[PDB]
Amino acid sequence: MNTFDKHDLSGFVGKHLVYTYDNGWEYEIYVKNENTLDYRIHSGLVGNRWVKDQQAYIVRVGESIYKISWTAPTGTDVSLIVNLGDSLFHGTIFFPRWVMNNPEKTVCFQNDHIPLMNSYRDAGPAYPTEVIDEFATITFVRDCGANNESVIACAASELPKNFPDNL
């Protein structure tokens, strides 16, 4: 039994991780503050999609295990587990049916296209929802502090060939 403050996120805010799911898709997150993340998708169903300033519900569920959940303007729901102590990652993504049908529709810098994402969402089909539930391998972790706009500032296609070895 571990005693810890489950409302203290100081062990998680600032974390910058790159990870590959067991379905082969490579993702990247940056925990920007107590209720915000930036993220960047490198490959897979929606490779090259990226997002800044996503509002999220971030909590501590173990001594060194954190959870982060959000809803996207596309209608997608996401809930991730980052177990830093054991270097284990697990993600659940609830995709609307229209995303599964034509995932390229979501591939953009979302911040410049929120009305588009909302329009696609509202047109549907929303259902049936597709649940993607996968462990991932964490391949990179560092601390970039809070509210750092330099961490995720371009699409993955614009990053150096050796990313993140350059870091």
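Residue indices: 1-based, along the sequence shown.
**Q** Do the CA atoms of 5 to 13 or those of 20 to 28 have the higher mean B-factor in the entry?
**A** It is 5 to 13.
**Q** By the CA temperature factor listed in this entry, which of these ranks top: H42, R121, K105, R60?
**A** If I rank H42, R121, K105, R60 by C-alpha B-factor, first place goes to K105.
**Q** So among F109, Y127, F135, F140, who wins on Cα B-factor in the entry?
**A** Of the candidates given, the C-alpha B-factor peaks at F140.
**Q** Ordered by C-alpha B-factor within the chain, which third holds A56? Give me lowest, middle or highest, please.
**A** Bottom third by C-alpha B-factor.
**Q** Sorting the chain's modelled residues by C-alpha B-factor, tell me whether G85 ends up in the lowest, middle or highest third.
**A** Highest third of the chain for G85's C-alpha B-factor.
**Q** Taking the chain's C-alpha temperature factors as the reference, tell me which third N33 falls into: lowest, middle or highest.
**A** It belongs to the lowest third of the chain when residues are ordered by C-alpha B-factor.
**Q** Among the modelled residues of its chain, does the C-alpha B-factor of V99 lie in the lowest, middle or highest third?
**A** Middle third.
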